[PDB]
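What follows is a single structure, written as structure tokens, with notes after it.
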Amino acid sequence: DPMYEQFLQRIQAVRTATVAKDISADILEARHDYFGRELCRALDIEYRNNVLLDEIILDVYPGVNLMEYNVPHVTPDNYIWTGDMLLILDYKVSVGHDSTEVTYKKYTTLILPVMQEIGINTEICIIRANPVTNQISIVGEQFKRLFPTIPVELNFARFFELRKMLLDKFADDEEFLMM
Ligand SMILES: COC(=O)/C(O)=C/C(=O)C1(Cc2ccc(Cl)cc2)CCN(Cc2ccccc2F)CC1
Ligand SMILES: [Cl-]
Ligand SMILES: [Cl-]
Ligand SMILES: [Cl-]
Ligand SMILES: [Mn+2]
Ligand SMILES: [Mn+2]
């Protein structure tokens with residue numbers, strides 16, 4: 001478990017609230033990426049993690065003149081180009097809905113206008129795993145139509161253990177409390 005052992009080594013050595021806070025964010029990012037790999041594997045789709053919107057456009061429409069459009073330089077996690085429709089994909093790991101709503105609004109308002117200008121049928125798709133219950137939530141009707149079941153086998157226990165160890169090391173640290 002080289003990813004686990006690297007985190008553990010960092011948790012053993014950390015002494016300051018600011019370095020611990022970076023450890024915490026790093027753990028949350030790695031558990032998010034773990035879900036993305038596992039999800040794409042279960043669905044047997046190409047795994048990507050942050051593709052520049054400009055690059056997505058060139059992949060689906062090679063003859064595009066990028067400079068004739070105002071392309072927001074967002075980096076959604078992944079996409080599916082069926083040949084007829086573009087599914088923009090972002091992974092989430094959270095017990096709650098709020099981060100899904102933030103990214104939904106952002107990618108709806110920033111990606112959909114230019115894609116309609118370009119002429120590319122696009123759907124914004126956000127796939128959330130609850131890290132405690134392993135239940136999967138999907139926004140994106142065409143994604144659900146393409147993938148009615150998702151046979152993932154998720155275990156988030158090790159990410160919770162690492163983060164709990166770090167939070168317990170700093171549970172009497174006022175600074176870290178705030179961060
Ligand atoms: C869960 O879905 C996302 O949230 C997502 O995939 C976010 C990201 O890709 C970034 C890395 C990250 C991944 C998972 C977690 Cl847990 C935490 C962080 C990298 C891209 N930046 C976008 C950005 C870039 C520059 C300025 C402001 C910004 F918002 C967000 C974090
Ligand atoms: Cl430190
Ligand atoms: Cl110090
Ligand atoms: Cl982005
Ligand atoms: Mn991302
Ligand atoms: Mn994401």
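Residue numbers start at 1 in each chain; chains themselves are named A, B, ... in the order of the structure tokens; ligands are numbered from 1 in the order shown.
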Dump as a Markdown table the rows for residues of chain A within 7 Å of ligand 4: closest atom pair and distance in Å with one decimal, only C-alpha atoms and all ligand atoms counted, ordered by chain and rising residue number.
| residue | atom | partner | partner_atom_place_in_ligand_line | distance |
| --- | --- | --- | --- | --- |
| A:74 | CA | ligand 4 | 1 (Cl) | 3.9 |
| A:75 | CA | ligand 4 | 1 (Cl) | 4.2 |
| A:76 | CA | ligand 4 | 1 (Cl) | 5.4 |
Any chance you could export the current selection's N, CA and C atoms as a PDB file, in the first residue's frame?
ATOM      1  N   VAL A  74     -11.617  25.615 -18.006  1.00  0.00           N
ATOM      2  CA  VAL A  74     -11.909  24.698 -16.909  1.00  0.00           C
ATOM      3  C   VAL A  74     -11.319  23.331 -17.222  1.00  0.00           C
ATOM      4  N   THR A  75     -11.135  22.519 -16.170  1.00  0.00           N
ATOM      5  CA  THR A  75     -10.567  21.181 -16.293  1.00  0.00           C
ATOM      6  C   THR A  75     -11.460  20.173 -15.592  1.00  0.00           C
ATOM      7  N   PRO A  76     -12.591  19.814 -16.197  1.00  0.00           N
ATOM      8  CA  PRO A  76     -13.383  18.702 -15.659  1.00  0.00           C
ATOM      9  C   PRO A  76     -12.539  17.433 -15.596  1.00  0.00           C
TER      10      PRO A  76
END
Surrounding residues of residue 89 of chain A excluding itself and chain neighbours under 5 positions, 10 Å, only C-alpha atoms, as a PyMOL selection string: chain A and resi 36+48-50+76-80+107+123-127+139-140+143
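If only C-alpha atoms are the atoms counted, then among A:133, A:103, A:155, A:122 the closest residue to residue 60 of chain A is A:122.
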6 Å shell around ligand 1 using only C-alpha atoms and all ligand atoms, listed as an NGL selection string: :A and (28-29 or 32 or 50 or 77 or 90-92)
Restricting it to C-alpha atoms, dump the selection as a PDB file, in the first residue's frame.
ATOM      1  CA  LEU A  28      -9.287  14.057   0.358  1.00  0.00           C
ATOM      2  CA  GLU A  29      -7.903  14.467  -3.161  1.00  0.00           C
ATOM      3  CA  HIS A  32     -11.477  11.385  -4.837  1.00  0.00           C
ATOM      4  CA  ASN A  50      -8.673  16.915 -15.258  1.00  0.00           C
ATOM      5  CA  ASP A  77     -12.153  15.314 -14.489  1.00  0.00           C
ATOM      6  CA  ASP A  90     -16.709  15.121 -12.710  1.00  0.00           C
ATOM      7  CA  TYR A  91     -16.124  12.757  -9.787  1.00  0.00           C
ATOM      8  CA  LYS A  92     -17.066  13.626  -6.220  1.00  0.00           C
TER       9      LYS A  92
END
Residue set, segment 21-178 of chain A restricted to strand (DSSP E or B), as a ChimeraX atom specification: /A:78-81,86-93,122-129,136-139
All residues 9 Å or closer to residue 175 of chain A, only C-alpha atoms, same chain fewer than 6 positions away omitted, as a VMD selection string: chain A and resid 16 to 18
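Atom pair atom CA of residue 152 of chain A / atom CA of residue 22 of chain A has a distance of 28.6 Å (rounded to one decimal).
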I need the residues in segment 72-112 of chain A that are alpha helix (DSSP H) according to DSSP; give them as a PDB file with C-alpha atoms, in the first residue's frame.
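As a result, result03.pdb now contains:
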ATOM      1  CA  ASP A  98     -23.201  20.883  -1.765  1.00  0.00           C
ATOM      2  CA  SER A  99     -20.003  20.241  -3.725  1.00  0.00           C
ATOM      3  CA  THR A 100     -22.050  18.509  -6.440  1.00  0.00           C
ATOM      4  CA  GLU A 101     -24.227  21.660  -6.722  1.00  0.00           C
ATOM      5  CA  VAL A 102     -21.205  23.970  -6.861  1.00  0.00           C
ATOM      6  CA  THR A 103     -19.596  22.084  -9.753  1.00  0.00           C
ATOM      7  CA  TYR A 104     -22.920  21.543 -11.497  1.00  0.00           C
ATOM      8  CA  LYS A 105     -23.616  25.294 -11.618  1.00  0.00           C
ATOM      9  CA  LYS A 106     -20.048  26.078 -12.658  1.00  0.00           C
ATOM     10  CA  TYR A 107     -19.864  23.615 -15.538  1.00  0.00           C
ATOM     11  CA  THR A 108     -23.433  24.234 -16.692  1.00  0.00           C
ATOM     12  CA  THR A 109     -22.918  27.978 -16.941  1.00  0.00           C
ATOM     13  CA  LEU A 110     -19.329  27.835 -18.267  1.00  0.00           C
ATOM     14  CA  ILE A 111     -19.224  24.811 -20.575  1.00  0.00           C
ATOM     15  CA  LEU A 112     -22.685  24.624 -22.148  1.00  0.00           C
TER      16      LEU A 112
END
Residue nearest residue 134 of chain A among A:59, A:68, A:153, A:84 (counting only C-alpha atoms):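 Nearest to residue 134 of chain A: A:153.
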Residue nearest residue 35 of chain A - candidates A:69, A:21, A:131, A:82, atoms counted: only C-alpha atoms: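 Smallest separation from residue 35 of chain A among the options: A:131.
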Gap from atom CA of residue 26 of chain A to atom CA of residue 45 of chain A - Å, one decimal: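 Between atom CA of residue 26 of chain A and atom CA of residue 45 of chain A the gap is 25.2 Å.
Atom CA of residue 162 of chain A is found 6.7 Å from atom CA of residue 8 of chain A.
Across A:179, A:67, A:27, A:14, the tightest approach to residue 161 of chain A is made by A:27 when counting only C-alpha atoms.
Of the listed residues A:40, A:30, A:115, A:85, the one whose atoms come nearest to residue 53 of chain A is A:115, with distances taken using only C-alpha atoms.
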Test item: residues at most 9 Å from residue 64 of chain A, only C-alpha atoms, excluding those fewer than 5 positions along its chain, as a list in words: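 What passes the distance filter is residues 57, 58 and 118 of chain A.
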Which residue of A:56, A:138, A:23, A:178 approaches residue 163 of chain A most closely, using only C-alpha atoms: A:23
Close residues, residue 20 of chain A itself excluded, 9 Å, only C-alpha atoms, min 4 positions apart in chain, as number ranges by chain: A: 10-11, 14-16, 24-25, 166-167, 170, 176
